[PDB]
Amino acid sequence: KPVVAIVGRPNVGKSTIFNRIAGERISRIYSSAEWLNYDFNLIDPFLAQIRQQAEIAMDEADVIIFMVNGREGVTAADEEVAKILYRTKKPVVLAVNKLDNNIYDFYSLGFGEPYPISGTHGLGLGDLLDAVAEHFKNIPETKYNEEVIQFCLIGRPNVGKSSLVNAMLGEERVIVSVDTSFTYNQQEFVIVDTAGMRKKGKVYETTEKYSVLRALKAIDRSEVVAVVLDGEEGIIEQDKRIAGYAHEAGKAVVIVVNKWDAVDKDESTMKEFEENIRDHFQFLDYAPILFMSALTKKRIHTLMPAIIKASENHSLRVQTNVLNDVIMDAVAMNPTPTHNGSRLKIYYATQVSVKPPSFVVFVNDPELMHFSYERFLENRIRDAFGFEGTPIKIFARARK
Ligand SMILES: Nc1nc2c(ncn2[C@@H]2O[C@H](COP(=O)(O)OP(=O)(O)O)[C@@H](O)[C@H]2O)c(=O)[nH]1
Ligand SMILES: Nc1nc2c(ncn2[C@@H]2O[C@H](COP(=O)(O)OP(=O)(O)O)[C@@H](O)[C@H]2O)c(=O)[nH]1
Ligand SMILES: [Zn+2]
């Protein structure tokens, strides 16, 4: 059922690896071999023909193996493959072939951990396939075009979720075509699981636990999550746990306060509500807070742009040289701590993934990096690049 593709410039050993992991052809496409305790299927100038084959993988596969040649190091040819493979939200696992038994900066290709393999004698193959297979559980049931931005609204019953959607969809900039499809400024969007939020009126709400769980599945399926709070009734414990789940899952978040028409708006009421939110949702300092009214339509026009902005940052891919300049600047600004007699050293940093943006800093010892300092590095990356609306992950790793 899961489909796997091997992509890379010619002469990296794709065919050799393919033939090994491929069993027989199917009633074009191949099933995985018997020697594998994993069940899946396989799919079979310079730029022109790389681009075509890469775009077949990005179109047909669920997981892509990006293969390079360990004997050569990173070629400029490999770099153009990488640049093309940035175009997909589909998981890419990096395979460094022809290492019959010294992996550095393949990281530099920006897909994180390289997996050293050998078509020769299956060395490193267990690890590669484990990494490929980990992504299987996350393969979407409902599959939309890559261009589509999927998002969801969540919040307690009668916050105004249905009302927001309708006001939003009633805008001049929108064309509407279990999920709801539409375009805004001609960009394709999907609101995940709009059936779930409109199940009231069909059905009495006897408990909230199924709705909670059903909302977590929509979050799993989304890239941006709109956490909608009730301006009138204020914040509650249920709001934090779900927002907590969204943040933990690495989703872009925007916080929406609805029913703002119904609040006794003194000059400072908004700032106070903003501060209250920051205090209760301390893990969402990246998420912007939008005040609006689904009823009077005040500031409804600000929602979509925030969702767009948050989706962009969520999938933002930084250039390495700039990233390293930013981290050096930070260490120069704020020298690294000493943890039990030894000082932390940072050598290099690269982005390893998007959605959310994740970075690996190579260090002396990941133990010596305090969480506070990791938080400090996070803030300087944000200062430099923006990243509003999305969490970022930072990992310390030992060279070697
Ligand atoms: N040393 C070594 N050579 C390999 C390995 N895998 C493939 N080759 C050789 O590298 C060349 C490329 O093989 P092929 O599978 O056709 O690569 P492709 O161009 O990516 O399809 C062939 O001559 C293979 O014999 C490997 O793991 N180690
Ligand atoms: N004052 C005010 N009432 C609202 C607003 N949005 C929704 N409501 C009301 O709150 C109730 C809940 O609306 P609904 O969209 O069904 O909540 P949902 O469960 O989140 O979908 C309805 O009576 C709405 O008329 C708003 O912006 N201001
Ligand atoms: Zn310490």
Side-chain angles (χ1 to χ4, degrees), residues 5-22 44 46 49-50 53-54 65-72 75 77-78 81 95-101 115-125 128 152-169 191 193-203 205 208 211 215 226-233 238-239 256-265 290-300 303 336-344 365-374:
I6 304 174
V7 177
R9 67 189 191 79
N11 210 341
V12 299
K14 293 190 298 306
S15 172
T16 313
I17 295 301
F18 191 95
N19 293 325
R20 169 185 286 282
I21 64 174
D44 179 353
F46 279 90
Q49 194 165 320
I50 296 167
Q53 297 169 184
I65 296 160
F66 172 29
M67 196 162 295
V68 296
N69 182 349
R71 258 85 185 92
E72 323 252 44
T75 70
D78 292 310
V81 185
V96 182
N97 202 36
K98 306 200 184 182
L99 300 179
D100 303 314
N101 204 342
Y115 286 100
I117 61 165
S118 195
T120 299
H121 249 286
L123 287 176
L125 287 189
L128 181 63
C152 67
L153 292 284
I154 55 145
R156 81 180 78 60
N158 304 306
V159 287
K161 295 184 288 309
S162 280
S163 313
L164 278 176
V165 162
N166 286 351
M168 180 184 296
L169 268 36
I191 320 178
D193 193 16
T194 45
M197 63 173 72
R198 301 183 164 80
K199 253 31 170 301
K200 62 194 226 159
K202 253 167 67 269
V203 153
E205 288 63 38
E208 295 195 59
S211 280
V227 175
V228 325
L229 314 175
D230 184 299
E232 255 188 319
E233 273 200 1
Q238 198 185 61
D239 295 318
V256 167
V257 184
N258 201 217
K259 309 206 195 283
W260 199 241
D261 59 301
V263 173
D264 287 9
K265 300 110 95 191
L290 285 65
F291 293 83
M292 70 189 180
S293 173
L295 195 70
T296 74
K297 279 17 168 253
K298 185 207 184 65
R299 284 185 167 283
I300 286 286
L303 186 36
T336 64
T338 79
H339 186 91
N340 310 302
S342 304
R343 189 178 299 280
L344 168 77
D365 181 7
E367 302 285 65
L368 316 175
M369 188 176 299
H370 297 144
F371 176 64
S372 67
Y373 202 77
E374 183 188 286

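Both counts, for ligands and for their atoms, begin at 1 and track the order of listing. All residue numbers in this chain count up from 1 along the given sequence. All values below come from the heavy atoms of this structure, side chains included, with hydrogens, waters and symmetry mates left out.
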Discussion item. Under 4.0 Å from atom 14 (P) of ligand 2, is there at least one protein heavy atom?
Written reply: yes
ask   = For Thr336, does its backbone N or O pair with a side-chain atom of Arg343 as donor and acceptor, under 3.5 Å?
value = yes
N or O contact, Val12 vs ligand 1, cut-off under 3.5 Å: yes
Taking only non-hydrogen atoms of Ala294 and a 4.0 Å limit, the atoms of ligand 2 in range are 6 (N), 26 (C), 27 (O)
_Would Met197 count as being in polar contact with ligand 2, using the rule that some N or O on each side must be under 3.5 angstrom apart?_
no
Checking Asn97 side chain against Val12 main chain: does a donor-acceptor pair fall under 3.5 Å? yes
- Message: As a quick check of understanding, evaluate side-chain contact (heavy atoms from CB on, under 4.5 Å) for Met292 and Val257, giving each step before the final call.
- Response: CA-CA 6 Å; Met292 70 189 180; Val257 184; over 6 Å; no
- Query: Quick one: does atom 25 (O) of ligand 2 have a protein heavy atom under 4.0 Å from it?
  - Reply: no
Quick one: are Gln53 and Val7 in side-chain contact, heavy atoms under 4.5 Å?
no
Short version for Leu295: what comes under 4.0 Å of ligand 2, heavy atoms counted, is both
Shortest non-hydrogen pair, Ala167 vs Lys297, comes out as CB-CE, 3.5 Å
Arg9 and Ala77 have their tightest heavy-atom pair at CD-CB, 3.6 Å
Query raised in the report: Any side-chain heavy atom of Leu169 within less than 4.5 Å of one from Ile191?
Result: yes
Quick note on ligand 2: atoms under 4.0 Å from a heavy atom of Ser293 include exactly 26 (C), 27 (O), 28 (N)
Atoms listed for the Zn ion (ligand 3) (protein only, N, O or S, under 2.8 Å, no waters) are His339 ND1, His370 NE2
Here the atoms of ligand 1 under 4.0 Å from any heavy atom belonging to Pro10 are 19 (O)
Min N/O separation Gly13 to ligand 1 under 3.5 Å: yes
Next item on the list: May I ask you to check whether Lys200 and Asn158 show a side-chain donor-acceptor distance below 3.5 Å?
Entry: yes
Under 4.0 Å from one or more heavy atoms of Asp100, ligand 1 contributes atoms 1 (N), 28 (N)
Does an N or O from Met292, backbone or side chain, lie closer than 3.5 Å to an N or O of ligand 2? no
Item to check | Side-chain (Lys14) to main-chain (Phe66) donor-acceptor, under 3.5 angstrom | outcome: no
- Message: So, regarding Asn258 and ligand 2 (criterion: nitrogen or oxygen to nitrogen or oxygen, under 3.5 Å), is there a contact or not?
- Response: yes
One finds that the ligand 1 atoms under 4.0 Å from a non-hydrogen atom of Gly119 are 26 (C), 27 (O)
Distance-only side-chain donor-acceptor flag, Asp78 / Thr75, under 3.5 Å: yes
In this structure, CG of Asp100 is separated from CG of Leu123 (nearest 0.5 Å) by 7.5 Å
message: Tell me whether ligand 2 is touched by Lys200 - counting only heavy atoms on the residue side and a distance under 4.0 Å.
response: yes
Handout entry: Backbone of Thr194 reached by a side-chain donor or acceptor of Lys161 within 3.5 Å
Key = no
Separation between CD1 (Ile154) and CG (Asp193), nearest 0.5 Å, reads 12.5 Å
Counting heavy atoms under 4.0 Å, the part of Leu99 that contacts ligand 1 is neither
So the atoms of ligand 2 within less than 4.0 Å of a heavy atom of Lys161 turn out to be 15 (O), 17 (O), 18 (P), 19 (O), 20 (O), 21 (O)
Please tell me whether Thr296 and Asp261 have a donor and an acceptor in their side chains that are separated by less than 3.5 angstrom. no
In terms of heavy-atom contacts, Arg198 and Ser162 come closest through CG-OG, 3.7 Å
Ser163 heavy atoms within 4.0 Å reach ligand 2 at atoms 6 (N), 7 (C), 13 (O), 14 (P), 15 (O)
At under 4.0 Å between heavy atoms, what of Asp261 touches ligand 2? The answer is side chain
Next item on the list: May I ask you to check whether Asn158 has an N/O atom sitting below 3.5 Å from an N/O atom of ligand 2?
Entry: yes
Legend entry - Nearest protein heavy atom under 4.0 Å from atom 22 (C) of ligand 2, yes or no: no
Judged by heavy atoms only, the candidate from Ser118, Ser15, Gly124, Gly8 nearest atom 16 (O) of ligand 1 is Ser15
dist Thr120:OG1 -> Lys98:NZ (nearest 0.5 Å) comes out at 9.0 Å
of all protein heavy atoms, closest to atom 11 (C) of ligand 2 is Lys259 NZ, 3.7 Å
